[PDB]
file protein.txt (compact mmCIF, C-alpha atoms)
# COMPACT_ATOMS: atom_id res chain seq x y z
CA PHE A 1 -20.46 -11.52 16.13
CA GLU A 2 -18.96 -8.71 18.31
CA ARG A 3 -15.54 -10.48 18.53
CA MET A 4 -15.62 -11.24 14.77
CA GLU A 5 -16.58 -7.58 13.98
CA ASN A 6 -13.63 -6.37 16.13
CA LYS A 7 -11.32 -8.65 14.03
CA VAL A 8 -12.92 -7.35 10.75
CA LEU A 9 -12.23 -3.75 11.93
CA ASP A 10 -8.60 -4.78 12.74
CA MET A 11 -8.26 -6.27 9.20
CA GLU A 12 -9.72 -3.08 7.58
CA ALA A 13 -7.38 -0.88 9.71
CA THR A 14 -4.41 -3.13 8.74
CA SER A 15 -5.44 -2.93 5.04
CA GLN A 16 -5.51 0.92 5.16
CA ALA A 17 -2.20 1.03 7.13
CA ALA A 18 -0.51 -0.96 4.30
CA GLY A 19 -2.49 0.62 1.39
CA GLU A 20 -1.89 4.35 2.25
CA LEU A 21 1.96 3.84 2.17
CA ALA A 22 3.15 0.57 0.51
CA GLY A 23 2.67 1.69 -3.19
CA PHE A 24 6.50 1.93 -3.55
CA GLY A 25 8.30 2.68 -6.88
CA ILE A 26 10.55 -0.38 -6.23
CA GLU A 27 7.57 -2.66 -7.18
CA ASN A 28 7.72 -1.17 -10.73
CA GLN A 29 11.52 -1.85 -10.66
CA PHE A 30 10.70 -5.51 -9.71
CA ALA A 31 8.26 -5.66 -12.69
CA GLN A 32 11.16 -4.42 -14.93
CA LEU A 33 13.42 -7.15 -13.38
CA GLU A 34 10.73 -9.78 -14.24
CA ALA A 35 10.61 -8.37 -17.83
CA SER A 36 14.46 -8.71 -17.98
CA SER A 37 14.11 -12.34 -16.74
CA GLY A 38 11.54 -12.88 -19.56
CA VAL A 39 14.15 -11.53 -22.05
CA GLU A 40 16.69 -14.10 -20.71
CA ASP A 41 14.08 -16.91 -21.24
CA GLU A 42 13.44 -15.59 -24.81
CA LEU A 43 17.25 -15.56 -25.46
CA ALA A 44 17.43 -19.17 -24.15
CA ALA A 45 14.51 -20.16 -26.47
CA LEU A 46 16.29 -18.37 -29.40
CA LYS A 47 19.55 -20.26 -28.57
CA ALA A 48 17.49 -23.50 -28.47
CA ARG B 1 -39.85 -29.31 15.77
CA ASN B 2 -38.28 -26.86 18.27
CA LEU B 3 -35.48 -29.38 19.10
CA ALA B 4 -34.82 -30.16 15.40
CA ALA B 5 -34.52 -26.42 14.60
CA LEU B 6 -32.38 -25.77 17.74
CA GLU B 7 -29.84 -28.53 16.89
CA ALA B 8 -29.66 -27.42 13.22
CA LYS B 9 -29.06 -23.74 14.26
CA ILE B 10 -26.35 -24.70 16.80
CA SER B 11 -24.54 -27.09 14.40
CA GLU B 12 -24.42 -24.58 11.51
CA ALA B 13 -23.51 -21.62 13.77
CA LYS B 14 -20.60 -23.46 15.49
CA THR B 15 -19.05 -24.82 12.26
CA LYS B 16 -19.39 -21.45 10.39
CA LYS B 17 -17.82 -19.56 13.36
CA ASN B 18 -14.96 -22.10 13.66
CA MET B 19 -14.01 -21.93 9.93
CA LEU B 20 -14.37 -18.09 9.96
CA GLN B 21 -12.02 -17.87 13.02
CA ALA B 22 -9.46 -20.15 11.28
CA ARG B 23 -9.57 -18.18 7.96
CA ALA B 24 -9.44 -14.80 9.80
CA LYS B 25 -6.33 -15.95 11.78
CA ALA B 26 -4.68 -17.19 8.54
CA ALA B 27 -5.53 -13.89 6.73
CA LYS B 28 -3.98 -11.69 9.49
CA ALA B 29 -0.90 -13.98 9.63
CA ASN B 30 -0.38 -13.50 5.84
CA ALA B 31 -0.79 -9.69 6.25
CA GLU B 32 1.67 -9.62 9.23
CA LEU B 33 4.22 -11.52 7.05
CA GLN B 34 3.91 -8.76 4.37
CA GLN B 35 4.58 -6.10 7.08
CA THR B 36 7.67 -7.94 8.46
CA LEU B 37 9.03 -8.60 4.90
CA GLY B 38 8.61 -4.82 4.17
CA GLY B 39 10.17 -3.62 7.50
CA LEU B 40 12.96 -6.16 8.36
CA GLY B 41 16.74 -5.44 8.15
CA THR B 42 16.19 -1.62 7.69
CA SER B 43 17.98 -0.45 10.91
CA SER B 44 20.90 -2.88 10.24
CA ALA B 45 21.19 -1.59 6.63
CA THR B 46 21.23 2.08 7.85
CA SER B 47 23.89 1.15 10.49
CA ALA B 48 26.08 -0.52 7.80
CA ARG C 1 -47.62 0.46 15.31
CA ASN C 2 -46.12 2.88 17.88
CA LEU C 3 -43.35 0.34 18.75
CA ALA C 4 -42.59 -0.39 15.06
CA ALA C 5 -42.26 3.36 14.32
CA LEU C 6 -40.21 3.96 17.52
CA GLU C 7 -37.65 1.21 16.71
CA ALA C 8 -37.37 2.36 13.06
CA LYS C 9 -36.79 6.02 14.16
CA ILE C 10 -34.15 5.03 16.77
CA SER C 11 -32.28 2.67 14.39
CA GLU C 12 -32.07 5.21 11.54
CA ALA C 13 -31.22 8.14 13.86
CA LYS C 14 -28.36 6.27 15.64
CA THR C 15 -26.73 4.95 12.43
CA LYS C 16 -27.01 8.34 10.60
CA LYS C 17 -25.52 10.19 13.64
CA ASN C 18 -22.67 7.64 13.98
CA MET C 19 -21.62 7.86 10.29
CA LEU C 20 -21.97 11.70 10.35
CA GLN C 21 -19.71 11.87 13.48
CA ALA C 22 -17.11 9.60 11.78
CA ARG C 23 -17.12 11.61 8.49
CA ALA C 24 -17.03 14.97 10.37
CA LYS C 25 -13.98 13.79 12.42
CA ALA C 26 -12.24 12.59 9.22
CA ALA C 27 -13.04 15.91 7.42
CA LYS C 28 -11.56 18.08 10.25
CA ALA C 29 -8.49 15.78 10.46
CA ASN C 30 -7.86 16.30 6.69
CA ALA C 31 -8.27 20.11 7.13
CA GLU C 32 -5.90 20.13 10.18
CA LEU C 33 -3.29 18.26 8.05
CA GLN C 34 -3.52 21.05 5.40
CA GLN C 35 -2.93 23.67 8.15
CA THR C 36 0.12 21.81 9.60
CA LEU C 37 1.58 21.20 6.07
CA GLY C 38 1.18 24.98 5.38
CA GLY C 39 2.65 26.13 8.76
CA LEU C 40 5.42 23.58 9.66
CA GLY C 41 9.20 24.30 9.58
CA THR C 42 8.67 28.12 9.14
CA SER C 43 10.37 29.25 12.42
CA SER C 44 13.30 26.82 11.81
CA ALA C 45 13.70 28.16 8.23
CA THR C 46 13.71 31.81 9.49
CA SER C 47 16.29 30.84 12.20
CA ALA C 48 18.55 29.20 9.55
CA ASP D 1 22.88 29.70 17.09
CA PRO D 2 20.80 29.60 13.84
CA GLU D 3 22.36 26.26 12.70
CA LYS D 4 21.21 24.55 15.96
CA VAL D 5 17.75 26.20 15.75
CA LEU D 6 17.16 25.09 12.11
CA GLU D 7 18.40 21.53 12.92
CA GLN D 8 15.93 21.36 15.87
CA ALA D 9 13.12 22.75 13.63
CA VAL D 10 13.81 19.95 11.06
CA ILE D 11 13.83 17.36 13.94
CA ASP D 12 10.41 18.69 15.13
CA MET D 13 9.22 18.36 11.47
CA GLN D 14 10.13 14.60 11.63
CA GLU D 15 7.66 14.23 14.54
CA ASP D 16 4.98 16.28 12.69
CA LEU D 17 5.35 14.29 9.42
CA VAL D 18 5.02 11.04 11.48
CA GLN D 19 1.72 12.48 12.88
CA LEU D 20 0.67 13.20 9.25
CA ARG D 21 1.50 9.54 8.33
CA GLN D 22 -0.75 8.44 11.24
CA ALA D 23 -3.54 10.76 9.92
CA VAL D 24 -3.10 9.22 6.40
CA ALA D 25 -3.25 5.69 7.90
CA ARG D 26 -6.45 6.64 9.84
CA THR D 27 -8.03 8.13 6.67
CA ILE D 28 -7.02 4.98 4.66
CA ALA D 29 -8.74 2.83 7.33
CA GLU D 30 -11.93 4.98 7.15
CA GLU D 31 -12.17 4.63 3.32
CA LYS D 32 -11.50 0.84 3.56
CA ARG D 33 -14.12 0.43 6.36
CA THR D 34 -16.84 2.47 4.58
CA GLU D 35 -16.15 0.43 1.38
CA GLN D 36 -16.43 -2.80 3.44
CA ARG D 37 -19.75 -1.56 4.94
CA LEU D 38 -21.34 -0.62 1.58
CA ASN D 39 -20.05 -3.86 -0.02
CA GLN D 40 -21.71 -6.04 2.68
CA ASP D 41 -24.91 -3.85 2.65
CA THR D 42 -25.24 -4.41 -1.14
CA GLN D 43 -24.66 -8.19 -0.66
CA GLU D 44 -27.46 -8.22 2.00
CA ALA D 45 -29.62 -6.22 -0.49
CA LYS D 46 -29.16 -9.13 -2.99
CA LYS D 47 -30.20 -11.64 -0.23
CA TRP D 48 -33.40 -9.63 0.41
CA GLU D 49 -34.07 -9.42 -3.36
CA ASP D 50 -33.72 -13.24 -3.60
CA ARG D 51 -36.09 -13.53 -0.56
CA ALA D 52 -38.54 -11.37 -2.57
CA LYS D 53 -38.12 -13.74 -5.62
CA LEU D 54 -38.95 -16.71 -3.33
CA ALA D 55 -41.99 -14.82 -1.93
CA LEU D 56 -43.23 -13.98 -5.50
CA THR D 57 -42.69 -17.67 -6.51
CA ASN D 58 -45.00 -18.59 -3.56
CA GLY D 59 -47.45 -15.73 -4.55
CA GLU D 60 -46.85 -13.76 -1.26
CA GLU D 61 -46.69 -10.19 -2.70
CA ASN D 62 -46.98 -8.83 0.90
CA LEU D 63 -43.69 -10.56 1.93
CA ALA D 64 -42.10 -9.59 -1.42
CA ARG D 65 -42.88 -5.84 -0.82
CA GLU D 66 -41.57 -6.14 2.79
CA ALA D 67 -38.31 -7.76 1.52
CA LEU D 68 -37.99 -5.04 -1.20
CA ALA D 69 -38.35 -2.42 1.60
CA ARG D 70 -35.22 -4.02 3.23
CA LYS D 71 -33.49 -3.84 -0.22
CA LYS D 72 -34.38 -0.09 -0.48
CA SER D 73 -33.06 0.63 3.05
CA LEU D 74 -29.78 -1.23 2.38
CA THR D 75 -29.11 0.36 -1.07
CA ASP D 76 -29.87 3.87 0.31
CA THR D 77 -27.50 3.13 3.25
CA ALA D 78 -24.83 1.97 0.75
CA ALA D 79 -25.32 5.28 -1.19
CA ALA D 80 -24.81 7.18 2.13
CA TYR D 81 -21.56 5.17 2.67
CA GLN D 82 -20.51 5.97 -0.98
CA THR D 83 -21.13 9.70 -0.18
CA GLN D 84 -18.99 9.34 3.00
CA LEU D 85 -16.38 7.43 0.92
CA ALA D 86 -16.15 10.38 -1.52
CA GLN D 87 -15.20 12.64 1.45
CA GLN D 88 -12.61 10.08 2.64
CA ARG D 89 -11.12 9.72 -0.93
CA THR D 90 -10.61 13.50 -1.29
CA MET D 91 -9.27 13.83 2.30
CA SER D 92 -6.90 10.84 1.73
CA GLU D 93 -5.51 12.49 -1.44
CA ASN D 94 -5.23 15.89 0.36
CA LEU D 95 -3.12 14.40 3.20
CA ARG D 96 -1.08 12.33 0.63
CA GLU E 1 24.81 -22.69 -18.20
CA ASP E 2 25.19 -26.48 -18.76
CA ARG E 3 22.13 -27.01 -16.46
CA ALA E 4 20.27 -24.57 -18.77
CA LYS E 5 21.44 -26.62 -21.86
CA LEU E 6 20.05 -29.78 -20.19
CA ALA E 7 16.76 -27.96 -19.39
CA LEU E 8 16.47 -26.71 -23.04
CA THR E 9 17.23 -30.28 -24.29
CA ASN E 10 14.24 -31.43 -22.13
CA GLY E 11 12.13 -28.41 -23.38
CA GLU E 12 11.89 -26.82 -19.85
CA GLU E 13 12.43 -23.13 -20.79
CA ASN E 14 11.25 -22.14 -17.26
CA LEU E 15 14.16 -24.08 -15.64
CA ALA E 16 16.55 -22.80 -18.35
CA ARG E 17 15.66 -19.12 -17.56
CA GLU E 18 16.02 -19.84 -13.79
CA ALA E 19 19.48 -21.42 -14.38
CA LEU E 20 20.49 -18.44 -16.61
CA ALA E 21 19.45 -16.12 -13.72
CA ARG E 22 22.06 -17.98 -11.55
CA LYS E 23 24.61 -17.49 -14.42
CA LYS E 24 23.83 -13.71 -14.48
CA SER E 25 24.21 -13.41 -10.67
CA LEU E 26 27.56 -15.29 -10.70
CA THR E 27 29.08 -13.37 -13.67
CA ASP E 28 28.00 -10.00 -12.15
CA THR E 29 29.56 -11.13 -8.81
CA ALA E 30 32.77 -12.10 -10.68
CA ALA E 31 32.79 -8.59 -12.30
CA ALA E 32 32.47 -7.07 -8.77
CA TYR E 33 35.46 -9.23 -7.66
CA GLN E 34 37.40 -8.08 -10.82
CA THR E 35 36.61 -4.44 -9.80
CA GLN E 36 37.88 -5.20 -6.24
CA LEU E 37 40.93 -6.96 -7.79
CA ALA E 38 41.78 -3.78 -9.77
CA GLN E 39 41.96 -1.88 -6.42
CA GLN E 40 44.16 -4.64 -4.91
CA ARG E 41 46.49 -4.66 -8.01
CA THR E 42 47.10 -0.88 -7.82
CA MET E 43 47.49 -0.98 -3.99
CA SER E 44 49.91 -3.97 -4.28
CA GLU E 45 52.06 -2.03 -6.79
CA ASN E 46 51.90 1.15 -4.62
CA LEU E 47 53.22 -0.70 -1.53
CA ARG E 48 55.83 -2.56 -3.71
CA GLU F 1 17.97 7.34 -16.71
CA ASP F 2 18.36 3.56 -17.31
CA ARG F 3 15.23 3.01 -15.10
CA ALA F 4 13.45 5.48 -17.44
CA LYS F 5 14.70 3.47 -20.52
CA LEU F 6 13.26 0.28 -18.93
CA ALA F 7 9.95 2.11 -18.20
CA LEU F 8 9.76 3.40 -21.84
CA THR F 9 10.55 -0.15 -23.10
CA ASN F 10 7.50 -1.33 -21.05
CA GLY F 11 5.44 1.72 -22.32
CA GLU F 12 5.10 3.26 -18.78
CA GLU F 13 5.67 6.96 -19.66
CA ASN F 14 4.39 7.91 -16.15
CA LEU F 15 7.25 5.95 -14.47
CA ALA F 16 9.72 7.25 -17.10
CA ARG F 17 8.81 10.92 -16.29
CA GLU F 18 9.06 10.16 -12.52
CA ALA F 19 12.54 8.58 -13.03
CA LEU F 20 13.62 11.58 -15.19
CA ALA F 21 12.50 13.87 -12.31
CA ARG F 22 15.05 11.97 -10.09
CA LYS F 23 17.67 12.49 -12.87
CA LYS F 24 16.90 16.28 -12.91
CA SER F 25 17.18 16.53 -9.09
CA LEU F 26 20.52 14.64 -9.05
CA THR F 27 22.13 16.60 -11.96
CA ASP F 28 21.02 19.95 -10.42
CA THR F 29 22.48 18.77 -7.05
CA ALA F 30 25.74 17.82 -8.84
CA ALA F 31 25.81 21.35 -10.42
CA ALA F 32 25.39 22.83 -6.88
CA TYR F 33 28.35 20.65 -5.71
CA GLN F 34 30.38 21.83 -8.80
CA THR F 35 29.57 25.46 -7.76
CA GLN F 36 30.73 24.65 -4.18
CA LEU F 37 33.82 22.91 -5.67
CA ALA F 38 34.73 26.10 -7.58
CA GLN F 39 34.82 27.97 -4.20
CA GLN F 40 36.97 25.19 -2.67
CA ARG F 41 39.39 25.20 -5.70
CA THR F 42 40.00 28.97 -5.44
CA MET F 43 40.28 28.83 -1.61
CA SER F 44 42.70 25.84 -1.86
CA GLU F 45 44.93 27.80 -4.29
CA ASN F 46 44.71 30.96 -2.09
CA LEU F 47 45.94 29.06 1.02
CA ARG F 48 48.60 27.23 -1.11

call {"tool": "encode", "arguments": {"input": "protein.txt", "output": "C-alpha cells"}}
result
Amino acid sequence: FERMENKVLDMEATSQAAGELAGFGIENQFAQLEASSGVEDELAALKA
Amino acid sequence: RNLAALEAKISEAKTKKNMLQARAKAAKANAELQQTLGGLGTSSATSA
Amino acid sequence: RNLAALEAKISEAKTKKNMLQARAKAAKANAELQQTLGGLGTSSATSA
Amino acid sequence: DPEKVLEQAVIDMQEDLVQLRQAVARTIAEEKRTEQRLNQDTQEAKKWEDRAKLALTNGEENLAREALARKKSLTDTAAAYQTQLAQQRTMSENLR
Amino acid sequence: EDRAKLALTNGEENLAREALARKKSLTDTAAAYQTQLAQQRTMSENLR
Amino acid sequence: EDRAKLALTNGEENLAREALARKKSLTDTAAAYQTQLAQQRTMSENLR
C-alpha cells in the first residue's frame, strides 16, 4: 500500500505537471484541421 | 476456518496487487509518451 | 473508552494538521509568486 | 553599459519565470491530489453506506449507525479537501 | 485521387477523405516546388 | 486572421478574439518597424 501510494502521488504530480501547462492553442488549430478534413470528406460525398 | 480465510485473503490480495502494478506501469508509460511527443525535436527545430 | 477516544483524537488531529500545513505552504507560495511577478525585471528596465 | 545590464536582467527573468512554472506545477499537483483524496473518500463513504444497507437488511441498527458514522467522517473530510481545493484553484489561477 | 474514386465506388467515404488528404499534401508540396522554381527561373536568367 | 475565420466558422468567438489579439500585436509591431524604416530611409538618403 505504501509503494502503491507513492506511485499514485507520482501519477497525480505528473497529471498536474502536464495539466498546468499543456492547454496549448495549437490543439484548437488541430480541431480546425479535423473540421477541414471533414469538409474534404463532405466534398468527396458530394462528388459521389 | 482460519486457514480458509487466510488463503482467500492472500489469493485476492496478490492478484489485485499484481493487476494494479501492471495497470499503473501501463498508465505512467502512456503519460511519459505524451510528454516525449510534446517535447521531442524542439532543440533541433530551434537550431535549424 | 479511554483508548477509543485517544485514537480518535490522535487520528483527527494528525490529518487536520497535515492538510492545514499543506494548504498553508501552497497559500504562501501563491502569495510569493505575486510578489516576484510584481518586482521582477525592474532594475534591468531602469538600467536599459 | 545599460544594454548589457538590461540583457542580464532579462536573462535573470528567464530563471525567475522557470521558478514560477515550477510553482504552478506544484500548485497543479496539490489541486489534483486533493481532488484524488476527496474522490476516494466519497467512494469509501458509498462503501460504508452500502455496509449500513446490509446491516439494516440484517436488522442490526447498531452496526448501521456505526457505518453511517464512518460515512459522516468521510464526507466531512471530503468537504475539508473541497475547502482546501478552493484555495488551490484560486492560487493556481493567480500564478497562471 | 483515383484511390479516392475506388473508395467512393465501394462506399468507403472514410478512405476517400484519407486519400484526398494525401492529394492535398502532394498538391501543396508541388505548389511549394513551383514557388522554389520561380526563384530558380529568375536566378537562372540573372546568371545568363 | 485566417485562424480567426476558422474559429468563427466553428462558433468559437473566444479563440477568434485571441487570434485577433495576435493580429493586433503583429500589425502594431509592423507599424513600429515602418516607423524605424522611415528613420533608415532618411538616414540612407543623407549618407547617399

call {"tool": "calpha_fit_and_write", "arguments": {"input": "protein.txt", "fixed": "chain B", "moving": "chain C", "output": "mmCIF file with C-alpha atoms, in the frame of the given file"}}
result
data_model
loop_
_atom_site.group_PDB
_atom_site.id
_atom_site.type_symbol
_atom_site.label_atom_id
_atom_site.label_comp_id
_atom_site.auth_asym_id
_atom_site.auth_seq_id
_atom_site.Cartn_x
_atom_site.Cartn_y
_atom_site.Cartn_z
ATOM 1 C CA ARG C 1 -39.843 -29.311 15.778
ATOM 2 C CA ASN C 2 -38.276 -26.858 18.275
ATOM 3 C CA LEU C 3 -35.477 -29.382 19.097
ATOM 4 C CA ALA C 4 -34.820 -30.155 15.396
ATOM 5 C CA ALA C 5 -34.520 -26.413 14.601
ATOM 6 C CA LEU C 6 -32.381 -25.771 17.735
ATOM 7 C CA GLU C 7 -29.839 -28.526 16.886
ATOM 8 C CA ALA C 8 -29.665 -27.419 13.216
ATOM 9 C CA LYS C 9 -29.062 -23.745 14.255
ATOM 10 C CA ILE C 10 -26.347 -24.699 16.801
ATOM 11 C CA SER C 11 -24.540 -27.084 14.397
ATOM 12 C CA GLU C 12 -24.416 -24.578 11.512
ATOM 13 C CA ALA C 13 -23.508 -21.619 13.772
ATOM 14 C CA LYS C 14 -20.594 -23.462 15.492
ATOM 15 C CA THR C 15 -19.053 -24.817 12.254
ATOM 16 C CA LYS C 16 -19.392 -21.450 10.392
ATOM 17 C CA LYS C 17 -17.821 -19.561 13.366
ATOM 18 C CA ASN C 18 -14.957 -22.101 13.656
ATOM 19 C CA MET C 19 -14.012 -21.924 9.935
ATOM 20 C CA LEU C 20 -14.368 -18.084 9.959
ATOM 21 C CA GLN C 21 -12.021 -17.872 13.021
ATOM 22 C CA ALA C 22 -9.465 -20.157 11.276
ATOM 23 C CA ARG C 23 -9.573 -18.187 7.963
ATOM 24 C CA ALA C 24 -9.437 -14.805 9.800
ATOM 25 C CA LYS C 25 -6.328 -15.954 11.776
ATOM 26 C CA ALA C 26 -4.676 -17.190 8.543
ATOM 27 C CA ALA C 27 -5.534 -13.893 6.727
ATOM 28 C CA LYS C 28 -3.980 -11.686 9.487
ATOM 29 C CA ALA C 29 -0.900 -13.978 9.638
ATOM 30 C CA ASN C 30 -0.378 -13.502 5.846
ATOM 31 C CA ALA C 31 -0.784 -9.688 6.251
ATOM 32 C CA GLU C 32 1.672 -9.627 9.233
ATOM 33 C CA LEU C 33 4.224 -11.517 7.052
ATOM 34 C CA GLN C 34 3.913 -8.760 4.376
ATOM 35 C CA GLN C 35 4.575 -6.106 7.077
ATOM 36 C CA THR C 36 7.669 -7.942 8.462
ATOM 37 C CA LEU C 37 9.030 -8.592 4.900
ATOM 38 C CA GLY C 38 8.602 -4.822 4.176
ATOM 39 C CA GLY C 39 10.165 -3.628 7.499
ATOM 40 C CA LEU C 40 12.965 -6.162 8.351
ATOM 41 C CA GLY C 41 16.739 -5.436 8.155
ATOM 42 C CA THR C 42 16.189 -1.622 7.684
ATOM 43 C CA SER C 43 17.978 -0.450 10.901
ATOM 44 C CA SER C 44 20.895 -2.881 10.238
ATOM 45 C CA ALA C 45 21.191 -1.584 6.632
ATOM 46 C CA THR C 46 21.228 2.081 7.847
ATOM 47 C CA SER C 47 23.886 1.149 10.495
ATOM 48 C CA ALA C 48 26.074 -0.519 7.802
#

call {"tool": "atom_distance", "arguments": {"input": "protein.txt", "atom1": "CA of residue 15 (chain C)", "atom2": "CA of residue 63 (chain D)"}}
result
25.3 Å

call {"tool": "residues_around", "arguments": {"input": "protein.txt", "residues": "region 18-27 of chain F", "least_positions_apart": "2", "cutoff": "7 Å", "atoms": "all atoms listed in the file", "output": "PyMOL selection string"}}
result
chain F and resi 1+3-4+14-16+29-31

call {"tool": "atom_distance", "arguments": {"input": "protein.txt", "atom1": "CA of residue 48 (chain F)", "atom2": "CA of residue 46 (chain E)"}}
result
26.5 Å

call {"tool": "closest_residue", "arguments": {"input": "protein.txt", "among": "D:19, D:75, D:1, D:31", "to": "chain A", "atoms": "only C-alpha atoms"}}
result
D:31

call {"tool": "decode", "arguments": {"input": "protein.txt", "residues": "region 6-32 of chain F", "atoms": "N, CA and C atoms", "output": "mmCIF file, in the first residue's frame"}}
result
data_model
loop_
_atom_site.group_PDB
_atom_site.id
_atom_site.type_symbol
_atom_site.label_atom_id
_atom_site.label_comp_id
_atom_site.auth_asym_id
_atom_site.auth_seq_id
_atom_site.Cartn_x
_atom_site.Cartn_y
_atom_site.Cartn_z
ATOM 1 N N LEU F 6 -11.521 30.605 -39.249
ATOM 2 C CA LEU F 6 -11.772 29.203 -38.901
ATOM 3 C C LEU F 6 -12.479 29.076 -37.543
ATOM 4 N N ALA F 7 -12.019 29.802 -36.522
ATOM 5 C CA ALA F 7 -12.654 29.811 -35.206
ATOM 6 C C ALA F 7 -14.110 30.309 -35.259
ATOM 7 N N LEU F 8 -14.387 31.400 -35.983
ATOM 8 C CA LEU F 8 -15.745 31.919 -36.199
ATOM 9 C C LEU F 8 -16.627 30.944 -36.992
ATOM 10 N N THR F 9 -16.059 30.227 -37.965
ATOM 11 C CA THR F 9 -16.767 29.166 -38.702
ATOM 12 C C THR F 9 -17.172 28.008 -37.779
ATOM 13 N N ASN F 10 -16.347 27.689 -36.776
ATOM 14 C CA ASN F 10 -16.665 26.722 -35.719
ATOM 15 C C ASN F 10 -17.512 27.305 -34.560
ATOM 16 N N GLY F 11 -17.774 28.617 -34.547
ATOM 17 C CA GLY F 11 -18.514 29.321 -33.489
ATOM 18 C C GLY F 11 -17.707 29.661 -32.223
ATOM 19 N N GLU F 12 -16.391 29.442 -32.211
ATOM 20 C CA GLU F 12 -15.505 29.728 -31.072
ATOM 21 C C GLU F 12 -15.034 31.192 -31.062
ATOM 22 N N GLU F 13 -15.928 32.111 -30.689
ATOM 23 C CA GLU F 13 -15.620 33.547 -30.588
ATOM 24 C C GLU F 13 -14.466 33.848 -29.617
ATOM 25 N N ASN F 14 -14.299 33.044 -28.562
ATOM 26 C CA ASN F 14 -13.172 33.158 -27.634
ATOM 27 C C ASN F 14 -11.817 32.989 -28.354
ATOM 28 N N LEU F 15 -11.664 31.928 -29.149
ATOM 29 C CA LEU F 15 -10.468 31.669 -29.943
ATOM 30 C C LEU F 15 -10.294 32.711 -31.054
ATOM 31 N N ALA F 16 -11.393 33.174 -31.656
ATOM 32 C CA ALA F 16 -11.343 34.227 -32.662
ATOM 33 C C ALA F 16 -10.798 35.547 -32.091
ATOM 34 N N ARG F 17 -11.271 35.980 -30.917
ATOM 35 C CA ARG F 17 -10.760 37.173 -30.221
ATOM 36 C C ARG F 17 -9.294 37.013 -29.811
ATOM 37 N N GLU F 18 -8.887 35.837 -29.333
ATOM 38 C CA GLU F 18 -7.478 35.549 -29.030
ATOM 39 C C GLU F 18 -6.579 35.629 -30.276
ATOM 40 N N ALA F 19 -7.012 35.068 -31.405
ATOM 41 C CA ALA F 19 -6.298 35.151 -32.675
ATOM 42 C C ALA F 19 -6.229 36.597 -33.204
ATOM 43 N N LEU F 20 -7.317 37.363 -33.098
ATOM 44 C CA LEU F 20 -7.318 38.788 -33.432
ATOM 45 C C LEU F 20 -6.381 39.598 -32.525
ATOM 46 N N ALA F 21 -6.196 39.220 -31.257
ATOM 47 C CA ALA F 21 -5.196 39.853 -30.398
ATOM 48 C C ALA F 21 -3.758 39.598 -30.900
ATOM 49 N N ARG F 22 -3.468 38.421 -31.484
ATOM 50 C CA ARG F 22 -2.181 38.197 -32.184
ATOM 51 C C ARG F 22 -2.076 39.095 -33.418
ATOM 52 N N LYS F 23 -3.150 39.222 -34.208
ATOM 53 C CA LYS F 23 -3.188 40.117 -35.383
ATOM 54 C C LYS F 23 -2.861 41.564 -35.003
ATOM 55 N N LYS F 24 -3.495 42.085 -33.947
ATOM 56 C CA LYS F 24 -3.249 43.426 -33.392
ATOM 57 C C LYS F 24 -1.785 43.619 -32.996
ATOM 58 N N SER F 25 -1.224 42.684 -32.231
ATOM 59 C CA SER F 25 0.188 42.733 -31.831
ATOM 60 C C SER F 25 1.143 42.771 -33.030
ATOM 61 N N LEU F 26 0.910 41.922 -34.031
ATOM 62 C CA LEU F 26 1.738 41.865 -35.231
ATOM 63 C C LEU F 26 1.620 43.133 -36.080
ATOM 64 N N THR F 27 0.414 43.657 -36.315
ATOM 65 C CA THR F 27 0.253 44.874 -37.130
ATOM 66 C C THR F 27 0.804 46.121 -36.429
ATOM 67 N N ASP F 28 0.679 46.217 -35.105
ATOM 68 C CA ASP F 28 1.323 47.278 -34.321
ATOM 69 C C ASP F 28 2.857 47.160 -34.351
ATOM 70 N N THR F 29 3.392 45.938 -34.314
ATOM 71 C CA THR F 29 4.837 45.698 -34.443
ATOM 72 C C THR F 29 5.336 46.065 -35.847
ATOM 73 N N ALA F 30 4.566 45.750 -36.891
ATOM 74 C CA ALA F 30 4.868 46.162 -38.256
ATOM 75 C C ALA F 30 4.838 47.694 -38.421
ATOM 76 N N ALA F 31 3.916 48.400 -37.758
ATOM 77 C CA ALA F 31 3.892 49.866 -37.733
ATOM 78 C C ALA F 31 5.106 50.467 -36.991
ATOM 79 N N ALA F 32 5.588 49.821 -35.925
ATOM 80 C CA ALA F 32 6.845 50.198 -35.277
ATOM 81 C C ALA F 32 8.045 50.014 -36.228
#
